[PDB]
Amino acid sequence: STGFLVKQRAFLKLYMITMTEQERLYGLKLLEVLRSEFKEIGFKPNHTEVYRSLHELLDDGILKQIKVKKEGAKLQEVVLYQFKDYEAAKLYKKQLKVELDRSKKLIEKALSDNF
């Protein structure tokens, strides 16, 4: 893949993985949390990208689905996420550190030569 910058889905997948570590999340939650979290910097990911990233982590057997009901005040069906293979997660999280690390390096090298 010509060794360029970290793909978007990898960038999300990383975020899902970490947020599963702390809370229980589903698609539209993570999206809105991210949408907010970045708004300033200016990155505004779409929903279908999130749902793609998620289903990969499924097919990769890192995570698994549960069809629960998060009420609050209503009675809505919502697909929540938990770890299937948490070693698998740990491993991928480490790869993504490496990825981000290069990604930083490139940006900082470009940013150094050209300006």
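Superpose the two forms; the largest set of C-alphas matching within 1.5 Å is the rigid core. Residue numbers here begin at 1 and follow the sequence given.
Looking at 78 to 86 and 64 to 72, the one farther from the shown form in 4 other deposited structures of this protein by average CA distance, after a rigid core fit, turns out to be 64 to 72. A fit on the rigid core, followed by a root mean square over CA positions in 4 other deposited structures of this protein, ranks 22 to 30 against 49 to 57 and picks 22 to 30 as the more shifted one.
For the segment pair 77 to 85 and 44 to 52, the entry gives 77 to 85 the higher mean B-factor, averaged over Cα atoms. When the mean C-alpha temperature factors of 13 to 21 and 100 to 108 are read from the deposited coordinates, 13 to 21 comes out higher. The deposited CA B-factor of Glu37 belongs to the lowest third of values across its chain.
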